[PDB]
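Novice: Numbering (PDB author numbering), first residue to last: 2 to 150.
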Ligand SMILES: [Cl-]
Ligand SMILES: [Cl-]
Ligand SMILES: [Cl-]
């Protein structure tokens with residue numbers, strides 16, 4: 002079984018509404034908020050925040066520069082979810098398919114962000130994407146702590 006799933010939920014100190022705003026409509030802000038990790042987010046087709054939009058990422062993992070081109074496969078505005086399908090880039094050298102779901106809980110009480118990966122490895126010895134999950138959680142912490150008062 003070359004297919005896998007990885008899920009991590011973290012509670013955030015910042016407003017979930019704003020976190021979802023970023024991931025849906027203003028994804029380019031993550032260059033500014035997590036500049037060590039993300040060097041560019043470039044819309045290529047469509048409109049920010051719409052299903053089918055195509056986005057190019059320039060990022061750095063373990064000090065090495067990588068790229069990805071993603072399609073926004075799904076949006077659920079009620080559950081504050083957005084699903085990104087990776088279609089090209091370094092990850093495609095290891096995974097046949099890779100989907101990342103970001104889902105934000107804003108019940109009111111608290112706020113959390115859940116990151117879900119669904120992937121299929123090209124080979125059995127390909128690693129689980131722990132380093133990428135750590136990266137995503139880091140980005141999340143950079144956003145939540147950006148310009149704290
Ligand atoms: Cl900006
Ligand atoms: Cl950017
Ligand atoms: Cl849409």
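Beta carbons are placed, not taken as given, at the ideal position from N, Cα and C, and that holds for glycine.
Hey, is the stretch 2-19 in contact with the stretch 65-76, meaning 3+ C-beta pairs nearer than 8 Å?
Specialist: Taking 8 Å as the limit for Cβ pairs, the verdict is that the stretch 65-76 does not touch the stretch 2-19.
Novice: So residue 112 is in the beta strand (DSSP E); what residue range does that whole segment cover?
Specialist: Where residue 112 is concerned, the enclosing beta strand (DSSP E) stretches over 112-122.
Novice: Can you tell me the Cα-Cα spacing of residue 7 and residue 119, whole angstroms?
Specialist: One C-alpha to the other measures close to 7 Å.
Novice: The beta strand (DSSP E) with residue 34 in it runs from where to where?
Specialist: Not the beta strand (DSSP E): residue 34 falls in the alpha helix (DSSP H), residues 30-34.
Novice: When the Cα of residue 60 is compared with those of 38, 70, 128 and 47, which residue comes out closest?
Specialist: The residue with the shortest Cα to Cα distance from residue 60 is 38.
Novice: Buried or exposed, going by whether 16 or more other CB atoms sit within 10 Å of the CB of residue 18?
Specialist: Its Cβ having fewer than 16 others within 10 Å, residue 18 is exposed.
Novice: Could you give the distance in angstroms between the alpha-carbon of residue 140 and the alpha-carbon of residue 112?
Specialist: Taking the straight line joining both Cα atoms gives about 16 Å.
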